[PDB]
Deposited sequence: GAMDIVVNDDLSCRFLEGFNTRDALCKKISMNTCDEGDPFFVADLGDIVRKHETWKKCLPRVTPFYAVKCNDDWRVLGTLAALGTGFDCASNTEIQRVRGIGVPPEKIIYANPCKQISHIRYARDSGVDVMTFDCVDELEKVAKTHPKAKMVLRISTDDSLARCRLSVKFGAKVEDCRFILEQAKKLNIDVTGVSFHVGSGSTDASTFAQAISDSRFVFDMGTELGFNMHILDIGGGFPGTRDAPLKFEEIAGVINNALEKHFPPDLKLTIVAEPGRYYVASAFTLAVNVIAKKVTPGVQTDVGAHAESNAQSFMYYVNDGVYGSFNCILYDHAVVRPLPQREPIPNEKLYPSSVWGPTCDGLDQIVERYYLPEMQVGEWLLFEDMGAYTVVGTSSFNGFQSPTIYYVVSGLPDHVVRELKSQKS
């Protein structure tokens, strides 16, 4: 008994993803954003395909060093680091960090003085990113601190509706790159960040994005042996690789006929993505559709005792039975990584497949 929830993860989906990356963005070396999903098999698979890693804390630095990815394949791309975490990266070989302001540079001068610093420009956030107005002052201050500033990076953010933002960002990157060189800094890295779609049927497809990037790149950043273009794709690699199966643990009928299904993972667990990632989810019954079937408005609710722990407000389902299974596809990204064990509940075991 105990029909516990579980993920099937398809590591082959990760390989196919990489294959397309390489074909649509051959100038660009991906540093996987480990905060997306840091499952050990997903890390090892990506390590094996020869991906870089984008890590955001000492813990993520340890985990990828744990699988014997050398330091050079890691960018520590967190603009605001605790000073001891910098210390750690300095002790692990990790030397490329980012920053977006001068205060951090002062930290860096005092803690990791030969680090290769990448300057991140706003694009995404009030939280992160230098405005391009402030870069000259920033870069003059960098000079007084004797910082080795070696490139520019931005981060369009995880749901653009127009690809132009990349193109805008890249142009902006050329301007600050140029101030970089003007003031004597050895600028040779362009990091175009994260945000690509990880489900191959999003509205704005990966391929358009790759095309606008490539046109921008050719116009502002002509190939050069001194220049490396890099990115920090997160959901790209993993969104659609993981599928969740959840058991309907409880059932309510309202007499019009509507159903309430209670399942055994929810917004404190894998569906935290509804709260923190703006995710919308589609419940699929794993029983195969039966010809003519009656379908009724349904809510599905997670196991916790909280009224806000709700996964779906009104979705057409066949009449379901306690002990049956709902599938949610595309549950690779920002899903295991945000879970909590609020209320006693424990998160889904992961099972792994290789689509050969």
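Trainee: Against the full deposited sequence, which stretches does the structure leave out?
Mentor: Coordinates drop out over 1-34, 158-165, 298-310, 412-425.
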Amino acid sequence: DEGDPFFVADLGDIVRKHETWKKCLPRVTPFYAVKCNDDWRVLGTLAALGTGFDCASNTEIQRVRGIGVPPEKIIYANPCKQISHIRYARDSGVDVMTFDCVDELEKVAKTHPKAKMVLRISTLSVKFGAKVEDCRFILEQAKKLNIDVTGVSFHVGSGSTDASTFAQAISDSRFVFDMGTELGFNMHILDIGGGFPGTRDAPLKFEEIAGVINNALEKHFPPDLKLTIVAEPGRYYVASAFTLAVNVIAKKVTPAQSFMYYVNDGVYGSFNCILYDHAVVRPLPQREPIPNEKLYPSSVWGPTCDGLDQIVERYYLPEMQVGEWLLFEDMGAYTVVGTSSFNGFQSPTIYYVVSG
From here on, numbers count along this sequence of modelled residues.
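Trainee: Mean C-alpha B factor from the entry: is it higher for 218-226 or for 96-104?
Mentor: Between 96-104 and 218-226, it is 218-226 that shows the higher mean C-alpha B-factor.
Trainee: Take the C-alpha B-factors listed in the entry for 238-246 and for 200-208, compute each mean, and give the stretch with the larger one.
Mentor: On average, C-alpha B-factors are higher across 200-208.
Trainee: Taking the Cα B-factors listed in the entry, which of 60, 309, 293, 39 comes out highest?
Mentor: Each of 60, 309, 293, 39 was compared by C-alpha B-factor; the highest is 293.
Trainee: Checking the entry, which one of 266, 285, 194, 129 has the top C-alpha B factor?
Mentor: 285 has the highest C-alpha B-factor of those listed.
Trainee: Taking the entry's C-alpha B-factors for this chain, is residue 157 in the lowest, middle or highest third?
Mentor: Middle third.
Trainee: How does the C-alpha B factor of residue 54 compare with the rest of the chain: lowest, middle or highest third?
Mentor: For residue 54, whose C-alpha B-factor we compare with every modelled residue in the chain, the answer is the lowest third.
Trainee: By its CA B factor, does residue 232 count among the lowest, middle or highest third of the modelled residues in the chain?
Mentor: It falls in the bottom third of the chain.
Trainee: How does the C-alpha B factor of residue 25 compare with the rest of the chain: lowest, middle or highest third?
Mentor: Its C-alpha B-factor belongs to the lowest third of this chain's values.
Trainee: Relative to the other modelled residues in the chain, which third contains the C-alpha temperature factor of residue 322: lowest, middle or highest?
Mentor: Answer is lowest: the recorded C-alpha B-factor places it there.
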